[PDB]
Asks: 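So that we are looking at the same thing, I have put the structure below in structure tokens.
Lettering follows sequence order; numbering is per chain, from 1. Basis for what follows: all heavy atoms, side chains included, without hydrogens, waters or symmetry-related copies.
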2 protein chains.
Amino acid sequence: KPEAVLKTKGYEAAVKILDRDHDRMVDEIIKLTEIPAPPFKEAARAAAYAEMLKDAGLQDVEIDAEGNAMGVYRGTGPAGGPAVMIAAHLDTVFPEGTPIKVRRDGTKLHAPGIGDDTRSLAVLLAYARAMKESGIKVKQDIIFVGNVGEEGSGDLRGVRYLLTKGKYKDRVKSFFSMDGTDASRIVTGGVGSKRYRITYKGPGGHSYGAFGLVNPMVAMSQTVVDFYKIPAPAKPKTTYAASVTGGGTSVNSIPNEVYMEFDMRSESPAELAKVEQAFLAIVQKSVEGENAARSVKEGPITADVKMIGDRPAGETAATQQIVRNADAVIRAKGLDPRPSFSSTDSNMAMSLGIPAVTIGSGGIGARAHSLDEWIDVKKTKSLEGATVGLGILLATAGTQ
Amino acid sequence: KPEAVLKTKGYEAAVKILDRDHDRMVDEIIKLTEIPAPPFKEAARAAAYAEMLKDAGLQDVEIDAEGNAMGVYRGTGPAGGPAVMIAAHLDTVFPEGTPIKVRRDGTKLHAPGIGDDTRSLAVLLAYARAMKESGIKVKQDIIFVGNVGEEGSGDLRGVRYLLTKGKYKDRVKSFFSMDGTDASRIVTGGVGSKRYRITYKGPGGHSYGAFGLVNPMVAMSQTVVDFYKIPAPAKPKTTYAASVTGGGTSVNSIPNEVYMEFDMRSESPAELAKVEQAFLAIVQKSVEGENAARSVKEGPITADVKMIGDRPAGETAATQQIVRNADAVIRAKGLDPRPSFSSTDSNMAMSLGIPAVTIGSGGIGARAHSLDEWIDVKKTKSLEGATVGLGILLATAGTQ
Ligand SMILES: [Gd+3]
Ligand SMILES: [Gd+3]
Ligand SMILES: [Gd+3]
């Protein structure tokens, strides 16, 4: 029974430390939040986080080549065996120069990035300290990670490195991401997305004198028309959009360079690949069609295909033990686990066939990704919410 | 017989003054060229030109409400009778801030706008002076005009005012524009053009969460695709283009506003109108089709139709006396007249049923509308070329 961990003496002792040092945890939320971490600019926060992982007593603390900070809670099993990884991301959505100063308002704390995902960073440190102080023994090692690149164009670069290049790539057999404050959260699905800019070029020419030459505007417009005839099922949810366009200089000239940006997403890797392949075929057919319709005497239309965003789709089956563990603990805590799809760091693990769930840090929060983001650190709910992830984690690593 | 004007004592005496004061003409080319006159910013050059029109001895010199400068060479007929208008435009294609300093290079003068159309402004002043000094008597009044708005977005606003609103609008029965340096040119046809910006709007939305809503990008793309199936005759030459596009913010959203700029032109007013009506119908059908194919629950696609350019098409029949006069004088001057279509100030007069030709100022020039434009003012060729338009003009007004 996974929820039995909640009645073990070690868990109960660890919760009492989380309780005792909740004020330390809040101080660390504030400290980390005020070290800004825009996309691709996480190094300063990673350096501070690595020092805090060392101060929590973790072993082998280091920052890897991608910029992830990590430390190990060593278990009782053989060195190098299967391990559990739990990550909270260092980056926020907010660009460099965003003023970040926490404003206290009763038990509420207002600052960009404080809930997605800085609180989770502090919650994981609190776990590591409470586990060590209470003497918890786990069967599998736990790798605590502050990872880079969950947000925006980071495109999961940190977890991609952790799980395909880094020292733990062959050991992670259970992956958790702690993202956001909702501790009832159980993200078992990953929405994938593929994004492209298509730049169409042609010879150009005077719009009167050279009327009859190919026009890349038309190949581009034809692409959009056929793109919106691609079938898209309602379930698994599958979507696409023609979203941004530009090009041309004036009505005196046939354009020689124009572009369109396209989005495609799906809950299903198979549906996403199908849309992506249909799209790429449409781009090529639209170019061929323009070169057939008008004159290529001054040169043909060509298209440059540039990928501008890439996240895999995937899902952890509801019968997987990691999901069973999260479900059972969240239920035993009196919350309602409702499995959902999202686009989170767990998408990467899912795409590798690694069992993976994204969970929440606890408490109340709102307006994530907005300049008026805030969390409530009133102790009763903040502490109780933080105890949820600890139970899920220890159920999954196993305790002695 | 029209070229008999070239053997009249008055013409021969006038040419001798053009010769004697050819150096003044060159000085006035330079002076006027160095007063920049970008589109809509001709006022400074117009004021200088009006002072020069007074100094040439013309009567009733004034700047009209649109900004055209003009003066009258009074003929021997009744006041208020039919008149000849001859115009050279004050504006150039070059935007404000273009550095303009004439560079002398042997007998060449290099400066933006010096040939199209500043040399013509100085040539018309030289005619007015030489006619007065030699005592030329003409039957019809001649209205000498430095007009605004021939180039680009000016859209013939100057000649439009002169011939539809101004004080001479009902007296001009022959219209000449002197535009460019090629004195063998005889532009008897006017290519018309209509230019539009179509702005397509919709509600926007999250590109995943709101997938299924209408997208104005698709109505716009469909417009272009069907626009390029509009039939366009080769004779009378009829053309169109989809030339400039923009809109959208990122692949995370369905766009709420996008635009496309369209060109359409023809030698024939009727062919031009057919394309324009087919285009506007396609815009409406594309909006209707998008509102049928996707959801209007957050609001429908709409299209704002904005005309951004309008120049009428037309032609002066080769049997008109004004064309016979031009043809005969150009032949008698040893040049080869090949009547042609272009887009010039004469389009306006043509569209009003006023006999109209665009002619050249004489001499050699090149790279009109480019930053490296130049003319050659070597006297033999420059003077002989300038005498062509004088003969055409006097043949048309009549001399006694
Ligand atoms: Gd305390
Ligand atoms: Gd996040
Ligand atoms: Gd011009």
Asks: Between B:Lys237 and A:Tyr208, is there a donor-acceptor pair closer than 3.5 Å when you use the side chain of the first and the backbone of the second?
Replies: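 Side chain of B:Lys237 to backbone of A:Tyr208: a pair is present.
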
Asks: Under 3.5 Å, is there a donor-acceptor pair between the B:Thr223 and B:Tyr200 side chains?
Replies: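 B:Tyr200 and B:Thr223 do have a side-chain donor-acceptor pair below 3.5 Å.
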
Asks: In terms of heavy-atom contacts, does CZ of B:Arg104 have more than 12 from other residues, nucleotides or ligands at under 6.0 Å?
Replies: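 It does not: B:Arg104 CZ has 12 such atoms or fewer within range.
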
Asks: According to side chain to side chain donor-acceptor pair (under 3.5 Å), who are the partners of B:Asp310, at least two apart in sequence or on a separate chain?
Replies: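 Residues passing side chain to side chain donor-acceptor pair (under 3.5 Å) with B:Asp310: B:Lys194.
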
Asks: Are there over 12 heavy-atom neighbours, none belonging to A:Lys201, within less than 6.0 Å of that residue's NZ?
Replies: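 Open: at most 12 neighbouring heavy atoms sit under 6.0 Å from NZ of A:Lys201.
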
Asks: Is any side-chain heavy atom of B:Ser193 less than 4.5 Å from a side-chain heavy atom of B:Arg195?
Replies: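 Yes, their side chains come closer than 4.5 Å.
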
Asks: When you compare the side chains of B:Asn325 and B:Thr396, does any donor N or O come within less than 3.5 Å of an acceptor on the partner?
Replies: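 Yes, a side-chain donor-acceptor pair sits under 3.5 Å.
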
Asks: Minimum heavy-atom separation for A:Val258 to A:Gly248, with atom names?
Replies: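 For A:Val258 and A:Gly248, the tightest heavy-atom pair comes out as CG1-N, 4.2 Å.
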
Asks: Apply ring-ring contact (aromatic ring centres under 6.0 Å, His included) to B:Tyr127 and list each qualifying residue two or more places apart in sequence or on a separate chain.
Replies: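 In terms of ring-ring contact (aromatic ring centres under 6.0 Å, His included), with neighbours along the sequence ignored, B:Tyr127 is linked to no residue.
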
Asks: Okay, side chain of B:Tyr168, backbone of B:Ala83: is any donor-acceptor separation there less than 3.5 Å?
Replies: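 No: the side chain of B:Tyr168 does not pair with the backbone of B:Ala83.
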
Asks: Could you tell me whether the side chain of B:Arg265 and the main chain of B:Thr239 form a donor-acceptor pair under 3.5 Å?
Replies: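 Absent.
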
Asks: Side-chain contact, heavy-atom cut-off 4.5 Å: B:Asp116 with B:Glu151?
Replies: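 Sidechains of B:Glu151 and B:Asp116: in contact.
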
Asks: Ion pair present between A:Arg294 and A:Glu290, side-chain N to carboxylate O less than 4.0 angstrom?
Replies: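 Between A:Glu290 and A:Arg294 there is a salt bridge, with a charged N closer than 4.0 Å to a carboxylate O.
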
Asks: Kindly indicate whether the side chain of B:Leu162, heavy atoms from C-beta on, has any atom under 4.5 Å from the side chain of B:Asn147.
Replies: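 The answer is yes; the side chains approach within 4.5 Å.
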
Asks: Ignoring hydrogens and geometry, is there a side-chain-to-backbone donor-acceptor pair from B:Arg157 to B:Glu66 under 3.5 Å?
Replies: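 Yes: the side chain of B:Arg157 pairs with the backbone of B:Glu66.
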
Asks: Strictly below 4.0 Å, N to O, side chains only: are B:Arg129 and B:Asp55 in salt-bridge contact?
Replies: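 Here B:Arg129 does not pair with B:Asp55 in a salt bridge, since their nearest N and O are not under 4.0 Å apart.
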
Asks: Does the side chain of B:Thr399 come within less than 4.5 Å of B:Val138's, by heavy atoms?
Replies: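 Yes, their side chains come closer than 4.5 Å.
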
Asks: In sequence, state the C-alpha distance, the side-chain angles, and the governing distance for B:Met131 and B:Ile142, and then conclude on side-chain contact (heavy atoms from CB on, under 4.5 Å).
Replies: CA-CA 11 Å; B:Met131 288 164 56; B:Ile142 297 168; 3.9 Å; yes

Asks: Side chains of B:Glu276 and B:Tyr196: any donor to acceptor distance under 3.5 Å?
Replies: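 A donor-acceptor contact under 3.5 Å links the two side chains.
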
Asks: Is it the case that B:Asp336 and B:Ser184 place a side-chain donor and acceptor less than 3.5 Å from each other?
Replies: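 Their side chains do not contain a donor-acceptor pair, so the 3.5 Å distance test is not met.
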
Asks: Please name all residues satisfying side chain to side chain donor-acceptor pair (under 3.5 Å) with B:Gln320, sequence neighbours left out, ordered by chain then number.
Replies: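 In terms of side chain to side chain donor-acceptor pair (under 3.5 Å), with neighbours along the sequence ignored, B:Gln320 is linked to no residue.
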
Asks: Distance only, no hydrogens: is a donor on one side chain within 3.5 Å (strictly under) of an acceptor on the other, for B:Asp263 and A:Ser207?
Replies: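 Present: a donor and an acceptor within the cut-off.
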
Asks: For a side-chain contact (heavy atoms from CB on, under 4.5 Å) check, start with the C-alpha distance between B:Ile282 and B:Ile230, then their side-chain angles and the critical distance, and finish with the verdict.
Replies: CA-CA 10 Å; B:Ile282 286 162; B:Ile230 294 172; 3.7 Å; yes

Asks: What is the minimum heavy-atom distance between A:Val214 and A:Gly299, and which atoms define it?
Replies: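 Heavy atoms only, the tightest pair is CG2-O, 3.6 Å.
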
Asks: Applying salt bridge (charged side-chain N to carboxylate O under 4.0 Å, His left out), which residue pairs with at least one partner in residues 342-367 of chain B are found, sequence neighbours left out?
Replies: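 Every pair satisfying salt bridge (charged side-chain N to carboxylate O under 4.0 Å, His left out) with a residue in residues 342-367 of chain B: B:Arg367-B:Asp372.
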
Asks: Between B:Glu51 and B:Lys54, does any NZ, NE, NH1 or NH2 come within less than 4.0 Å of an OD or OE carboxylate oxygen?
Replies: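 Salt bridge: yes.
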
Asks: If we count only N and O atoms by modelled type, under 3.5 Å, do the side chains of B:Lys306 and B:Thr199 hold a donor and an acceptor together?
Replies: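 Per modelled atom types, B:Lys306 and B:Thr199 side chains form no pair under 3.5 Å.
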
Asks: Side chain of B:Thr118, backbone of B:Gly113: donor and acceptor closer than 3.5 Å?
Replies: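 Judged by distance alone, yes, a pair lies under 3.5 Å.
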
Asks: So which heavy atom on B:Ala14 is nearest to which on B:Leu390, and how close?
Replies: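 Nearest pair, atom of B:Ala14 first, then B:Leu390: CB-CD2, 4.0 Å.
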
Asks: Would you say the side chains of B:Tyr228 and A:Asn215 form a donor-acceptor pair under 3.5 Å?
Replies: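 Yes.
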
Asks: Any heavy-atom pair between the side chains of B:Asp304 and B:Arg197 that's under 4.5 Å?
Replies: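 SC-SC contact between B:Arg197 and B:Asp304 ruled out.
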
Asks: To the nearest 0.5 angstrom, please state how far the OG1 atom of A:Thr249 sits from the CD atom of A:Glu257.
Replies: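 Output value for this atom pair is 11.0 Å.
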
Asks: Sub-3.5 Å donor-acceptor pair from the side chain of B:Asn347 to the main-chain atoms of B:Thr344, do we have one?
Replies: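 Flag set: sc B:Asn347 to bb B:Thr344 pair under 3.5 Å.
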
Asks: Applying side-chain contact (heavy atoms from CB on, under 4.5 Å) between B:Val329 and each of B:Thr387, B:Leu393, B:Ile392, report the one that passes.
Replies: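 For B:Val329, the side-chain contact (heavy atoms from CB on, under 4.5 Å) check succeeds only for B:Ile392.
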
Asks: What distance do B:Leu156 atom CG and B:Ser351 atom OG have between them, rounded to the nearest 0.5 Å?
Replies: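 Nearest 0.5 Å value for the CG-OG distance: 8.5 Å.
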
Asks: Side chains of B:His22 and B:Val26, heavy atoms from C-beta outward: is any pair under 4.5 Å?
Replies: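 Yes. Closest side-chain heavy atoms under 4.5 Å.
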
Asks: Working to the nearest 0.5 angstrom, can you tell me the gap between B:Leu32 CG and B:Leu125 CG?
Replies: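 One finds 7.0 Å between CG of B:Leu32 and CG of B:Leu125.
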
Asks: Where is the tightest heavy-atom contact between B:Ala87 and B:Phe175, given as atom of each residue plus distance?
Replies: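 Distance-wise, the nearest heavy atoms are CB-CZ, 4.1 Å.
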
Asks: For the rings on B:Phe227 and B:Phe279, is their centre-to-centre separation under 6.0 Å?
Replies: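 Distance test on ring centres: under 6.0 Å, yes.
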
Asks: Regarding B:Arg185 and B:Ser342, is there a side-chain donor-to-acceptor distance under 3.5 Å anywhere?
Replies: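 No pair is found: no donor N or O on one side chain lies under 3.5 Å from an acceptor on the other.
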
Asks: How long is the span from the CD1 atom in B:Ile29 to the CZ atom in B:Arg24, to the nearest 0.5 Å?
Replies: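 Going from CD1 on B:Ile29 over to CZ on B:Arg24, the span is 13.0 Å.
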
Asks: How many angstroms lie between CD1 in B:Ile136 and NZ in B:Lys9, if you round to the nearest 0.5 Å?
Replies: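 Reported value, rounded in 0.5 Å steps: 12.5 Å.
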
Asks: Do B:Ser243 side-chain atoms and A:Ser253 backbone N/O form a donor-acceptor pair below 3.5 Å?
Replies: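 It does hold such a pair.
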
Asks: Hey, is CD on B:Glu96 packed in by over 12 heavy atoms from elsewhere, all under 6.0 Å?
Replies: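 It does not: B:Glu96 CD has 12 such atoms or fewer within range.
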
Asks: Can you check whether B:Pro236's main-chain N or O pairs, donor with acceptor, with B:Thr238's side chain at less than 3.5 Å?
Replies: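 Yes, B:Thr238 side chain to B:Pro236 backbone: donor-acceptor pair under 3.5 Å.
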
Asks: Could you report the tightest heavy-atom contact between B:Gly158 and B:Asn68, atom names first, then the distance?
Replies: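 Residues B:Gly158 and B:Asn68, closest heavy atoms: O-ND2, 3.2 Å.
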
Asks: Side chains of B:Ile322 and B:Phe176, heavy atoms from C-beta outward: is any pair under 4.5 Å?
Replies: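 Yes, at least one pair of side-chain atoms sits under 4.5 Å.
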
Asks: Measure across A:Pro255 and A:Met217 and return the closest heavy-atom pair with its distance rounded to 0.1 Å.
Replies: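 Where A:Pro255 meets A:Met217 most closely, the heavy atoms are CG-CE, 3.9 Å.
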
Asks: Would a 4.5 Å heavy-atom cut-off, applied to side chains only, mark B:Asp105 and B:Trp374 as touching?
Replies: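 Contact flag for B:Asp105/B:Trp374 side chains = no.
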
Asks: Output the distance between atom CG (B:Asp182) and atom CD1 (B:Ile364), rounded to the nearest 0.5 Å.
Replies: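 Between atom CG of B:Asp182 and atom CD1 of B:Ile364 there are 8.0 Å.
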
Asks: For the side chain of B:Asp91 and the backbone of B:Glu150, is there at least one donor-acceptor N/O pair under 3.5 Å apart?
Replies: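 Yes; at least one donor-acceptor contact below 3.5 Å.
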
Asks: Ignoring hydrogens and angles, tell me if any N or O in the side chain of B:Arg119 forms a donor-acceptor pair with the backbone of B:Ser361 under 3.5 Å.
Replies: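 Flag set: sc B:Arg119 to bb B:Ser361 pair under 3.5 Å.
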
Asks: Per the salt bridge (charged side-chain N to carboxylate O under 4.0 Å, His left out) rule, what does the pair list look like for residues 160-170 of chain B, sequence neighbours excluded?
Replies: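 Sorted result for residues 160-170 of chain B: B:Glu62-B:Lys167.
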
Asks: Is any side-chain N of the basic residue among B:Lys31 and B:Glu28 closer than 4.0 Å to the acidic one's carboxylate O?
Replies: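 Looking at B:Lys31 and B:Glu28, the cut-off is not met.
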
Asks: Suppose we screen for salt bridge (charged side-chain N to carboxylate O under 4.0 Å, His left out). Which residues come up paired with B:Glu315, at least two apart in sequence or across chains?
Replies: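 B:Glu315: no salt bridge (charged side-chain N to carboxylate O under 4.0 Å, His left out) contacts found.
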
